[PDB]
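**Q** Would you mind keeping the following structure in view while I ask a few things?
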Amino acid sequence: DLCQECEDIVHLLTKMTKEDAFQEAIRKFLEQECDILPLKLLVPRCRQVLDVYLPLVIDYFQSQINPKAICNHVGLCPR
Amino acid sequence: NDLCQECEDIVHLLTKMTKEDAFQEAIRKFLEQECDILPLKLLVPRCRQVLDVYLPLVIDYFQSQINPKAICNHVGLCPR
Ligand SMILES: CCCCCC/C=C/CCCCCCCC(=O)OC[C@H](COP(=O)(O)OCCN)OC(=O)CCCCCCC/C=C/CCCCCCCC
Ligand SMILES: CCCCCC/C=C\CCCCCCCC(=O)OC[C@H](COP(=O)(O)OCCN)OC(=O)CCCCCCC/C=C\CCCCCCCC
Ligand SMILES: CCCCCC/C=C\CCCCCCCC(=O)OC[C@H](COP(=O)(O)OCCN)OC(=O)CCCCCCC/C=C\CCCCCCCC
């Protein structure tokens, strides 16, 4: 049941993004990855992209989202 | 505070989902669509080719002999 597993992942992400520890951990991990391969080459200006977009993703998962619509958008739930 | 367990749960869900071909097909279609538009079109040079090369590798990685706690340790959500 892909739809339900995707919805569960979305729910878990909504829970995890509420903790500052989560943001700090993912920030440090991605900052380390941005300085080495593969990301260093695959994503130009990796660190700046990270600085700008990690807070936006955190906010997004803390906002009023529609899990079934999200999972439909990526093709894992029907409409 | 129990981020470690939530991370392990996400990893387990991903391992389950990567077992289905419908998953690979759907994520492939979604990311192929995204590679042709903003933001990815600009953030990831040669997005479509990067996708073609790396999506099977990520799928295999989550289908392989992995330890969810080890992944979560690597990304800093379980302590070690
Ligand atoms: C490039 C190839 C790399 C190999 C694979 C490695 C995967 C990397 C994941 C990067 C994917 C970046 C996709 C960015 C596309 C995007 O910005 O669309 C998000 C849109 C736009 O939202 P808004 O403009 O704010 O308006 C609607 C309000 N809800 O939001 C969505 O509805 C979709 C959210 C996607 C997150 C869903 C996560 C659920 C988990 C599913 C299973 C796990 C697979 C995840 C793979 C990535 C797919 C997101
Ligand atoms: C570019 C930053 C933009 C900020 C927004 C973030 C949006 C989407 C996430 C972008 C995905 C980029 C991830 C880079 C992964 C990478 O290149 O690292 C390679 C390494 C090399 O693997 P190995 O050393 O062989 O593993 C041994 C450990 N047992 O990959 C890894 O180690 C595994 C990392 C996978 C972690 C996923 C676990 C899921 C946990 C929580 C999900 C919620 C957080 C999502 C962010 C994590 C992104 C990976
Ligand atoms: C790894 C499995 C974990 C599953 C968790 C899902 C992880 C990430 C979900 C992605 C977050 C989507 C939420 C959208 C919320 C939002 O408002 O952002 C939408 C914005 C819209 O962008 P714009 O505002 O239009 O900017 C235009 C100016 N350039 O889009 C995004 O946030 C997406 C940014 C992500 C940047 C991706 C860069 C990394 C991409 C590919 C790296 C591939 C590495 C693979 C290596 C694997 C090695 C084996």
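Each chain of the structure tokens is named A, B, ... in the order shown, its residues numbered from 1; ligands are numbered from 1 in display order.
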Please give the complete set of residues from range 9-47 of chain A that DSSP, run on the backbone, assigns to helix (DSSP H, G or I), formatted as a PyMOL selection string.
**A** chain A and resi 9-16+20-34+39-42+46-47
**Q** Let me see the file: selected residues, N, CA and C atoms, as a tab-separated table (two decimals), in the first residue's frame.
**A**
```
chain	number	residue	atom	x	y	z
A	9	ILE	N	5.08	8.50	5.97
A	9	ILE	CA	6.34	9.24	5.90
A	9	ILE	C	6.07	10.73	6.07
A	10	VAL	N	5.02	11.24	5.43
A	10	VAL	CA	4.70	12.66	5.57
A	10	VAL	C	4.38	12.99	7.02
A	11	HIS	N	3.62	12.13	7.69
A	11	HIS	CA	3.26	12.37	9.09
A	11	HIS	C	4.51	12.40	9.96
A	12	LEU	N	5.39	11.42	9.77
A	12	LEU	CA	6.65	11.37	10.51
A	12	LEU	C	7.48	12.62	10.27
A	13	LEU	N	7.55	13.09	9.02
A	13	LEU	CA	8.32	14.29	8.72
A	13	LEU	C	7.73	15.51	9.42
A	14	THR	N	6.40	15.62	9.42
A	14	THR	CA	5.76	16.71	10.15
A	14	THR	C	6.14	16.68	11.62
A	15	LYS	N	6.22	15.48	12.21
A	15	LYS	CA	6.63	15.39	13.61
A	15	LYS	C	8.09	15.79	13.80
A	16	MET	N	8.97	15.29	12.93
A	16	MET	CA	10.40	15.49	13.12
A	16	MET	C	10.79	16.95	12.90
A	20	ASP	N	14.08	21.30	17.02
A	20	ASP	CA	15.27	22.02	16.58
A	20	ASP	C	16.45	21.08	16.39
A	21	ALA	N	16.50	19.99	17.17
A	21	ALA	CA	17.57	19.01	17.01
A	21	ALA	C	17.57	18.44	15.60
A	22	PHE	N	16.39	18.19	15.03
A	22	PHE	CA	16.31	17.67	13.67
A	22	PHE	C	16.94	18.64	12.68
A	23	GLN	N	16.55	19.92	12.75
A	23	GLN	CA	17.11	20.91	11.85
A	23	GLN	C	18.63	20.97	12.00
A	24	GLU	N	19.12	21.02	13.24
A	24	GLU	CA	20.56	21.11	13.45
A	24	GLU	C	21.28	19.90	12.87
A	25	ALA	N	20.74	18.70	13.09
A	25	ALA	CA	21.40	17.49	12.63
A	25	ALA	C	21.44	17.43	11.11
A	26	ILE	N	20.31	17.69	10.46
A	26	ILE	CA	20.29	17.63	9.00
A	26	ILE	C	21.14	18.75	8.42
A	27	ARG	N	21.13	19.93	9.04
A	27	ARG	CA	21.98	21.01	8.58
A	27	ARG	C	23.45	20.60	8.60
A	28	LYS	N	23.91	20.06	9.73
A	28	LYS	CA	25.32	19.68	9.83
A	28	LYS	C	25.66	18.59	8.82
A	29	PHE	N	24.79	17.58	8.70
A	29	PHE	CA	25.05	16.50	7.76
A	29	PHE	C	25.16	17.02	6.34
A	30	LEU	N	24.21	17.87	5.93
A	30	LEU	CA	24.22	18.35	4.55
A	30	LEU	C	25.34	19.35	4.32
A	31	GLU	N	25.73	20.12	5.34
A	31	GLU	CA	26.90	20.98	5.19
A	31	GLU	C	28.15	20.16	4.96
A	32	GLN	N	28.29	19.04	5.68
A	32	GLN	CA	29.42	18.15	5.44
A	32	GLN	C	29.36	17.56	4.03
A	33	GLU	N	28.17	17.15	3.59
A	33	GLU	CA	28.05	16.53	2.28
A	33	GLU	C	28.28	17.52	1.14
A	34	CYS	N	27.92	18.80	1.35
A	34	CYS	CA	28.10	19.80	0.31
A	34	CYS	C	29.56	20.05	-0.03
A	39	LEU	N	27.80	15.54	-3.95
A	39	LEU	CA	27.01	16.76	-3.97
A	39	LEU	C	27.83	17.96	-4.44
A	40	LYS	N	29.10	18.04	-4.02
A	40	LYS	CA	29.90	19.21	-4.35
A	40	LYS	C	29.84	19.52	-5.84
A	41	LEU	N	29.81	18.48	-6.67
A	41	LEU	CA	29.78	18.65	-8.12
A	41	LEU	C	28.36	18.64	-8.68
A	42	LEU	N	27.45	17.86	-8.08
A	42	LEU	CA	26.11	17.73	-8.65
A	42	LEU	C	25.27	18.98	-8.41
A	46	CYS	N	26.35	24.45	-3.40
A	46	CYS	CA	25.57	23.58	-2.53
A	46	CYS	C	25.24	24.24	-1.20
A	47	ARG	N	26.24	24.83	-0.54
A	47	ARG	CA	26.01	25.37	0.80
A	47	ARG	C	24.98	26.49	0.79
```
**Q** Residues near range 9-14 of chain B, anyone? I mean within 8 Å using only C-alpha atoms, not counting same-chain ones fewer than 4 positions away, as a PDB file with N, CA, C and O atoms, in the first residue's frame.
**A**
```pdb
ATOM      1  N   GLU A   5       1.944   4.248   3.027  1.00  0.00           N
ATOM      2  CA  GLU A   5       3.326   4.417   3.469  1.00  0.00           C
ATOM      3  C   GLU A   5       3.819   5.835   3.198  1.00  0.00           C
ATOM      4  O   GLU A   5       4.527   6.420   4.027  1.00  0.00           O
ATOM      5  N   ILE A   9       5.083   8.499   5.970  1.00  0.00           N
ATOM      6  CA  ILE A   9       6.338   9.243   5.901  1.00  0.00           C
ATOM      7  C   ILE A   9       6.072  10.733   6.073  1.00  0.00           C
ATOM      8  O   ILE A   9       6.809  11.435   6.778  1.00  0.00           O
ATOM      9  N   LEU A  12       5.395  11.419   9.768  1.00  0.00           N
ATOM     10  CA  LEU A  12       6.647  11.374  10.514  1.00  0.00           C
ATOM     11  C   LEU A  12       7.481  12.624  10.271  1.00  0.00           C
ATOM     12  O   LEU A  12       8.067  13.172  11.209  1.00  0.00           O
TER      13      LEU A  12
ATOM     14  N   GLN B   5      13.907   7.329  16.786  1.00  0.00           N
ATOM     15  CA  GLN B   5      12.903   6.334  16.426  1.00  0.00           C
ATOM     16  C   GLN B   5      12.116   6.759  15.193  1.00  0.00           C
ATOM     17  O   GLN B   5      11.792   5.930  14.337  1.00  0.00           O
ATOM     18  N   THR B  18      10.598   0.924  -1.535  1.00  0.00           N
ATOM     19  CA  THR B  18      11.533   0.686  -2.629  1.00  0.00           C
ATOM     20  C   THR B  18      11.460  -0.741  -3.159  1.00  0.00           C
ATOM     21  O   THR B  18      12.082  -1.034  -4.186  1.00  0.00           O
ATOM     22  N   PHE B  62      18.413   1.422  -0.641  1.00  0.00           N
ATOM     23  CA  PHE B  62      17.363   1.158   0.338  1.00  0.00           C
ATOM     24  C   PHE B  62      16.814  -0.265   0.263  1.00  0.00           C
ATOM     25  O   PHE B  62      16.151  -0.703   1.209  1.00  0.00           O
ATOM     26  N   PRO B  68      18.751   0.503   9.699  1.00  0.00           N
ATOM     27  CA  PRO B  68      18.129   1.833   9.838  1.00  0.00           C
ATOM     28  C   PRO B  68      18.803   2.692  10.892  1.00  0.00           C
ATOM     29  O   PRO B  68      18.963   3.909  10.707  1.00  0.00           O
ATOM     30  N   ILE B  71      21.984   4.280   9.353  1.00  0.00           N
ATOM     31  CA  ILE B  71      21.648   5.448   8.540  1.00  0.00           C
ATOM     32  C   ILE B  71      21.356   6.645   9.438  1.00  0.00           C
ATOM     33  O   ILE B  71      21.886   7.751   9.237  1.00  0.00           O
TER      34      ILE B  71
END
```
**Q** Which chains and residue numbers are within 6 Å of ligand 1, counting only C-alpha atoms and all ligand atoms, if I want them as a list in words?
**A**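 My answer, listing the contacting residues, is residues 6, 9, 10, 65, 70 and 73 of chain A; 34, 47, 50, 51, 54 and 55 of chain B.
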**Q** With a cut-off of 7 Å, could you pull out the residues of chain B touching chain A and give me the nearest pair of atoms for each, distance in Å to one decimal, using only C-alpha atoms, ordered by chain and ascending number, as JSON lines?
**A**
```
{"residue": "B:1", "atom": "CA", "partner": "A:19", "partner_atom": "CA", "distance": 6.9}
{"residue": "B:3", "atom": "CA", "partner": "A:16", "partner_atom": "CA", "distance": 6.3}
{"residue": "B:6", "atom": "CA", "partner": "A:12", "partner_atom": "CA", "distance": 6.3}
{"residue": "B:10", "atom": "CA", "partner": "A:9", "partner_atom": "CA", "distance": 5.8}
{"residue": "B:13", "atom": "CA", "partner": "A:5", "partner_atom": "CA", "distance": 6.2}
{"residue": "B:17", "atom": "CA", "partner": "A:2", "partner_atom": "CA", "distance": 6.3}
{"residue": "B:23", "atom": "CA", "partner": "A:76", "partner_atom": "CA", "distance": 6.9}
{"residue": "B:26", "atom": "CA", "partner": "A:75", "partner_atom": "CA", "distance": 5.0}
{"residue": "B:27", "atom": "CA", "partner": "A:74", "partner_atom": "CA", "distance": 6.3}
{"residue": "B:30", "atom": "CA", "partner": "A:74", "partner_atom": "CA", "distance": 5.4}
{"residue": "B:43", "atom": "CA", "partner": "A:43", "partner_atom": "CA", "distance": 6.2}
{"residue": "B:44", "atom": "CA", "partner": "A:43", "partner_atom": "CA", "distance": 5.3}
{"residue": "B:45", "atom": "CA", "partner": "A:42", "partner_atom": "CA", "distance": 7.0}
{"residue": "B:75", "atom": "CA", "partner": "A:29", "partner_atom": "CA", "distance": 5.6}
{"residue": "B:76", "atom": "CA", "partner": "A:25", "partner_atom": "CA", "distance": 5.1}
{"residue": "B:77", "atom": "CA", "partner": "A:25", "partner_atom": "CA", "distance": 6.5}
```
**Q** Export, as a tab-separated table (two decimals), in the first residue's frame, the selected residues with N, CA, C and O atoms.
**A**
```tsv
chain	number	residue	atom	x	y	z
B	1	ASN	N	11.70	14.78	20.72
B	1	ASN	CA	12.99	14.44	21.30
B	1	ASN	C	13.46	13.07	20.83
B	1	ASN	O	14.65	12.86	20.60
B	3	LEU	N	13.76	11.68	18.13
B	3	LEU	CA	13.98	11.75	16.69
B	3	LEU	C	14.54	10.44	16.16
B	3	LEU	O	14.24	10.05	15.03
B	6	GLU	N	11.80	8.05	15.08
B	6	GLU	CA	11.08	8.53	13.90
B	6	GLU	C	11.93	8.37	12.65
B	6	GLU	O	11.41	7.99	11.58
B	10	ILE	N	11.01	6.14	9.35
B	10	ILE	CA	11.04	6.61	7.96
B	10	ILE	C	11.92	5.69	7.12
B	10	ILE	O	11.58	5.35	5.98
B	13	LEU	N	10.00	2.50	6.39
B	13	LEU	CA	8.99	2.74	5.36
B	13	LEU	C	9.63	2.85	3.98
B	13	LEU	O	9.10	2.31	3.00
B	17	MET	N	8.89	0.62	0.66
B	17	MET	CA	8.36	1.20	-0.58
B	17	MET	C	9.28	0.92	-1.76
B	17	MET	O	8.81	0.68	-2.87
B	23	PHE	N	6.67	2.13	-7.16
B	23	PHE	CA	7.36	3.23	-6.47
B	23	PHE	C	8.40	3.82	-7.41
B	23	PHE	O	8.27	4.97	-7.72
B	26	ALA	N	6.83	5.70	-10.29
B	26	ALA	CA	6.19	6.96	-9.91
B	26	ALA	C	7.22	8.03	-9.60
B	26	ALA	O	7.11	9.17	-10.06
B	27	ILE	N	8.24	7.69	-8.80
B	27	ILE	CA	9.25	8.67	-8.44
B	27	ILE	C	10.06	9.08	-9.67
B	27	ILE	O	10.42	10.25	-9.83
B	30	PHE	N	7.88	11.56	-11.56
B	30	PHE	CA	7.81	12.84	-10.86
B	30	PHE	C	9.10	13.64	-11.03
B	30	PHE	O	9.07	14.83	-11.36
B	43	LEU	N	18.92	24.33	-10.26
B	43	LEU	CA	19.75	23.95	-9.12
B	43	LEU	C	20.64	22.75	-9.42
B	43	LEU	O	21.71	22.61	-8.82
B	44	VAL	N	20.22	21.87	-10.32
B	44	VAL	CA	20.93	20.64	-10.62
B	44	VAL	C	21.23	20.59	-12.11
B	44	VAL	O	20.38	20.21	-12.91
B	45	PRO	N	22.43	21.00	-12.52
B	45	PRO	CA	22.81	20.87	-13.93
B	45	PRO	C	22.67	19.43	-14.40
B	45	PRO	O	22.95	18.48	-13.66
B	75	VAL	N	23.27	10.39	9.64
B	75	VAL	CA	22.70	11.72	9.47
B	75	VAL	C	22.51	12.47	10.79
B	75	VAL	O	22.02	13.61	10.77
B	76	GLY	N	22.87	11.88	11.92
B	76	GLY	CA	22.89	12.61	13.17
B	76	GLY	C	21.62	12.60	13.98
B	76	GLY	O	21.44	13.46	14.84
B	77	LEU	N	20.71	11.65	13.73
B	77	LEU	CA	19.43	11.60	14.41
B	77	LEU	C	19.37	10.48	15.45
B	77	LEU	O	18.37	10.37	16.17
```
**Q** Please, which residues have at least one atom within 6 Å of an atom of ligand 3, using only C-alpha atoms and all ligand atoms, listed as a PDB file with N, CA, C and O atoms, in the first residue's frame?
**A**
```
ATOM      1  N   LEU A  39      27.802  15.536  -3.948  1.00  0.00           N
ATOM      2  CA  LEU A  39      27.008  16.761  -3.967  1.00  0.00           C
ATOM      3  C   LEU A  39      27.826  17.958  -4.435  1.00  0.00           C
ATOM      4  O   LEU A  39      27.309  18.830  -5.143  1.00  0.00           O
ATOM      5  N   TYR A  53      17.220  26.784   1.452  1.00  0.00           N
ATOM      6  CA  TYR A  53      16.073  25.901   1.285  1.00  0.00           C
ATOM      7  C   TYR A  53      15.777  24.991   2.469  1.00  0.00           C
ATOM      8  O   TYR A  53      14.621  24.593   2.633  1.00  0.00           O
ATOM      9  N   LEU A  56      13.101  26.508   4.508  1.00  0.00           N
ATOM     10  CA  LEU A  56      11.826  26.537   3.797  1.00  0.00           C
ATOM     11  C   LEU A  56      11.145  25.176   3.844  1.00  0.00           C
ATOM     12  O   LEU A  56       9.925  25.094   4.012  1.00  0.00           O
ATOM     13  N   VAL A  57      11.918  24.098   3.703  1.00  0.00           N
ATOM     14  CA  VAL A  57      11.349  22.756   3.775  1.00  0.00           C
ATOM     15  C   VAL A  57      10.830  22.470   5.180  1.00  0.00           C
ATOM     16  O   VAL A  57       9.748  21.888   5.357  1.00  0.00           O
ATOM     17  N   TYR A  60       7.645  24.276   5.547  1.00  0.00           N
ATOM     18  CA  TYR A  60       6.615  23.634   4.741  1.00  0.00           C
ATOM     19  C   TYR A  60       6.006  22.446   5.464  1.00  0.00           C
ATOM     20  O   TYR A  60       4.780  22.282   5.494  1.00  0.00           O
TER      21      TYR A  60
ATOM     22  N   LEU B  38      11.662  24.785 -12.901  1.00  0.00           N
ATOM     23  CA  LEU B  38      12.261  25.314 -11.687  1.00  0.00           C
ATOM     24  C   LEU B  38      11.630  24.642 -10.468  1.00  0.00           C
ATOM     25  O   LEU B  38      10.456  24.263 -10.500  1.00  0.00           O
ATOM     26  N   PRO B  39      12.384  24.492  -9.366  1.00  0.00           N
ATOM     27  CA  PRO B  39      13.762  24.957  -9.174  1.00  0.00           C
ATOM     28  C   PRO B  39      14.847  24.003  -9.673  1.00  0.00           C
ATOM     29  O   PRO B  39      15.967  24.450  -9.922  1.00  0.00           O
ATOM     30  N   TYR B  54      21.367   7.979 -10.882  1.00  0.00           N
ATOM     31  CA  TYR B  54      21.370   7.805  -9.435  1.00  0.00           C
ATOM     32  C   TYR B  54      20.082   7.237  -8.848  1.00  0.00           C
ATOM     33  O   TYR B  54      20.137   6.659  -7.757  1.00  0.00           O
ATOM     34  N   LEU B  57      20.463   3.646  -8.124  1.00  0.00           N
ATOM     35  CA  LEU B  57      21.411   3.424  -7.037  1.00  0.00           C
ATOM     36  C   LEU B  57      20.770   3.688  -5.679  1.00  0.00           C
ATOM     37  O   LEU B  57      20.999   2.937  -4.728  1.00  0.00           O
ATOM     38  N   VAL B  58      19.956   4.739  -5.569  1.00  0.00           N
ATOM     39  CA  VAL B  58      19.279   5.015  -4.305  1.00  0.00           C
ATOM     40  C   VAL B  58      18.266   3.918  -3.993  1.00  0.00           C
ATOM     41  O   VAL B  58      18.150   3.461  -2.842  1.00  0.00           O
TER      42      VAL B  58
END
```
